[PDB]
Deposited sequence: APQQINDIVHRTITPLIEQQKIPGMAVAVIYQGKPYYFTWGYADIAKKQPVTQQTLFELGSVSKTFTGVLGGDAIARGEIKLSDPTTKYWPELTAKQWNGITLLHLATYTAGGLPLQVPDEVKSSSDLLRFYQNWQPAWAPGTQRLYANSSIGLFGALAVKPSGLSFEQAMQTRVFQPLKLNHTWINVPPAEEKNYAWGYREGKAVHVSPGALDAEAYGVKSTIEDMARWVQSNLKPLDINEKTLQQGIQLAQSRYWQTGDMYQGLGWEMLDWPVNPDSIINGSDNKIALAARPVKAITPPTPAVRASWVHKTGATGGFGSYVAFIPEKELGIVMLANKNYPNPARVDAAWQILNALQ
């Protein structure tokens, strides 16, 4: 890498790793549309396996950006509309509270207080139906945002129904394959296990366990190379050959709702650039203002998403107007503010 990129990355990340006691980390900086990679530490402490550019990390809720884009691609295909009632795709959802809750509300956490987590007791298609049927909204649709796996996770499951494909098959054929994300997985194949980092929670090696709507809400695993390619794709959707996918990326970066200084996309979240860095809790209910109609992807934005599982902490941020972006993948779930601080320190320096 150019020495400026080398220096700011190492001077920012080395101390982060020390302060947070992160066992292993991979970073990619996208600078004028070219990726530069950095790795530190261990993918597997016990077996002494280093982090490499081929190490798989759990992305946690960064997966929601993939779900949002897949949904966007389904809209572009004409298979679904965000204005469609949820019941159009799940007619068994007959309980009255569902009247007026649209796919947009699911995708953007504005359905009226769907909970952060699907309970562990929920397994089957039947258990899930019962869960959503029994759920009692706190609020009317489109009035408050409550970040939730059970909201965007259901969006992802319903969005692929017209396609006939499983969520995983749809993601592979419509997003991963076209973008050449050939080391990105919802389920890690046995051939790739050698590269699957362990996560670390309280010193114990852990991987994410199966749960309802996991693939849709928090279940993607990826390498630093594929994630840099994901960032490139989202920075410059017009270079993408598949028409509906190019459209879907654009739809995911549209601004649907505003709370404070932040705008909610499909998966992605955005603020106006330049952003006050300090401007960038188990449950956080916030009133939203509808953006009527949604603002198409704004190039002068800080576009980002944090992700976690029990054992992993991920962050992605990019600024389209500067052709600049960063991916930080770690096998410890360390505090969000520390991720954002480090990302801003690096991008601000390069911008």
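Q: In sequence order, which parts of the deposited sequence are missing C-alpha coordinates?
A: According to the record, the single gap falls at 281 to 287.
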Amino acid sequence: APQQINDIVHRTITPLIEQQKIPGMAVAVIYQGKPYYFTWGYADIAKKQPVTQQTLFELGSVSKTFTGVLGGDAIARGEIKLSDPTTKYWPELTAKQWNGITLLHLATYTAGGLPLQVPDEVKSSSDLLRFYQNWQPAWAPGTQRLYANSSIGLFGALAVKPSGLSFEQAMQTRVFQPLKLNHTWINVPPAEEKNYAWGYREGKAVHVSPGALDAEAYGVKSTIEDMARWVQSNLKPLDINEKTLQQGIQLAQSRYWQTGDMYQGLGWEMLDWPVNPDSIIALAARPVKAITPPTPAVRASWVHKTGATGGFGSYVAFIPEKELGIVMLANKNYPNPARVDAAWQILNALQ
From here on, numbers count along this sequence of modelled residues.
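The term rigid core refers to the most C-alpha atoms you can superpose between the two forms while keeping them within 1.5 Å.
Q: How do 309 to 317 and 283 to 291 compare in 8 other deposited structures of this protein: which one has C-alphas farther from this form after the rigid core is matched?
A: So, of the two stretches, the farther one in 8 other deposited structures of this protein is 283 to 291.
Q: Quick one: say whether 228 to 236 or 144 to 152 has the higher mean Cα B-factor in the deposited entry.
A: Result of the comparison: 228 to 236.
Q: Taking the recorded C-alpha temperature factors, which stretch has the higher mean, 102 to 110 or 172 to 180?
A: Averaged over C-alpha atoms, the B-factors run higher in 172 to 180.
Q: Per the coordinate record, which of the options 221, 255, 123, 207 holds the highest CA temperature factor?
A: Most elevated C-alpha B-factor of the set, per the entry: 123.
Q: With respect to the C-alpha temperature factors reported in the PDB entry, which of 198, 90, 263, 132 ranks highest?
A: Comparing C-alpha B-factors across 198, 90, 263, 132, the maximum falls on 90.
Q: Would you check the entry's CA temperature factor for residue 331 and let me know if it's in the chain's lowest, middle or highest third?
A: Tercile = lowest for this residue's CA B-factor.
Q: Which third of the chain does residue 44 land in by C-alpha B-factor: lowest, middle or highest?
A: Within its chain, residue 44 is a middle-third residue by C-alpha B-factor, going by the deposited values.
Q: Among the modelled residues of its chain, does the C-alpha B-factor of residue 32 lie in the lowest, middle or highest third?
A: CA B-factor rank for residue 32: highest third.
Q: Considering every modelled residue of the chain and its Cα B-factor in the PDB entry, is residue 275 in the lowest, middle or highest third?
A: As the PDB entry reports it, the C-alpha B-factor of residue 275 lands in the highest third of its chain.
Q: Would you mind ranking residue 118 by its C-alpha B-factor against the rest of the chain and naming the third, lowest, middle or highest?
A: Residue 118: CA B-factor falls in the middle third of its chain.
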